[PDB]
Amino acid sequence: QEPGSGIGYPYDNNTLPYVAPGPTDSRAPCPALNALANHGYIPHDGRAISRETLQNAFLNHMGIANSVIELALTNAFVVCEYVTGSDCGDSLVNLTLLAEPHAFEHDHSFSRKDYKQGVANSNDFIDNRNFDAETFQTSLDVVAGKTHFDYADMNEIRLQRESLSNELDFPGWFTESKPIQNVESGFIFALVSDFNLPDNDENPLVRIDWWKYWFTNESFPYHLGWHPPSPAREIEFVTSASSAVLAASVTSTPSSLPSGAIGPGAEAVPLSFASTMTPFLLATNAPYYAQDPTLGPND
C-alpha cells in the first residue's frame, strides 16, 4: 500500500503500492512472488533478481523467514540454469522461467492449469503459469460454504486436484509431485492461517477469504485483517504442516488417483537436470492481473 497509508503498521512499516504488471513484465507461477513483484519488493518487471532481494522481500513484507525459502532459492537457480543453458550466478533471469514444467513447476497445482491439461494433441501446451479462476474454483469447491479449513481439508483439496489433473492431462503427461506441492500446502498455512485464533501455531486453520484474496488478486489481504505473521514463520512450521496434511485421514477418496497418492510424502530435495535435456518451451502469455475489479494502489 502507499507508504503514508499505514495499512501495514506496525507489522510492515515500509510498504509500497500495488501496481498491475504490464504486458512486457515477467511473472511467475507463484502467487507469493507475483504479489512481491506487483509491490516492487522484488523488481516490478520480474527480472534480474538476487537471492538477498528475495530473502528481504519475504522477511520484511510477508513475515516469511529466510529458512522457509532456502530450498526454493536453490531450486529457482537450478531451473534458471536449466532453462537458459548457463549458470545465472545471483541474478535470476526472470520469474517466467520458473514455470518450466516437470521441474519446480509441477502438475496438479491449486490454481493453475497443467502444461498439457486438456490438449487434443501431444505436442500442444497451454498456460501453466497464470492464475486460472476455474482451476482455483475446483480447489475452493472442496471447502464450499466454509470460512476456515484444517489439515485434513487441505489433504482433500490436493487429492481432488491430483484426480482432476490425472483425468484431464494428455495421456502420459501427468506426474505426481507430492513433495513440492505439500511444501506449498505448508506455505499456505504459514501465510494465511488465522493467527487471531489462540491455538494457531499448534493447530492452524486457513482463512479462506485471505487465501482467495491473495491468489486472485496477487496482493495482500490487509483489508480483510491480514498482516505478515509476527514473528516471521520458519521452515519447521512449513514442513510440519506439510507432513500433517499428508498424515491426515482421508474420508472422501476421489477416483483416478495416481499410485500412492494417499499417505506420507518424500522430503522435497534439490532439483537436478541432465545436461543433454532440452527444456520444454515456456508458455508466452502476458502476465495475469485482477480485472474484476482492477486493484488500486492500496489493495
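Residue numbers here begin at 1 and follow the sequence given.
- Stretches 95 to 103 and 170 to 178 differ in mean C-alpha B factor, with the higher average recorded for 170 to 178.
- When 232 to 240 is weighed against 258 to 266, 258 to 266 comes out higher, by mean CA B-factor as recorded in the entry.
- Highest CA B-factor among 57, 37, 271, 28, as stated in the entry: 271.
- Among the modelled residues of the chain, residue 196 sits in the highest third by CA temperature factor in this PDB entry.
- Split the chain's modelled residues into thirds by C-alpha temperature factor. Residue 151 is in the middle one.
- When the modelled residues of the chain are ordered by their C-alpha B factor, residue 209 lands in the lowest third.
- When the CA B factors of the chain's modelled residues are split into thirds, the value for residue 217 lands in the lowest one.
- In this PDB entry, the Cα temperature factor of residue 83 sits in the middle third of its chain's modelled residues.
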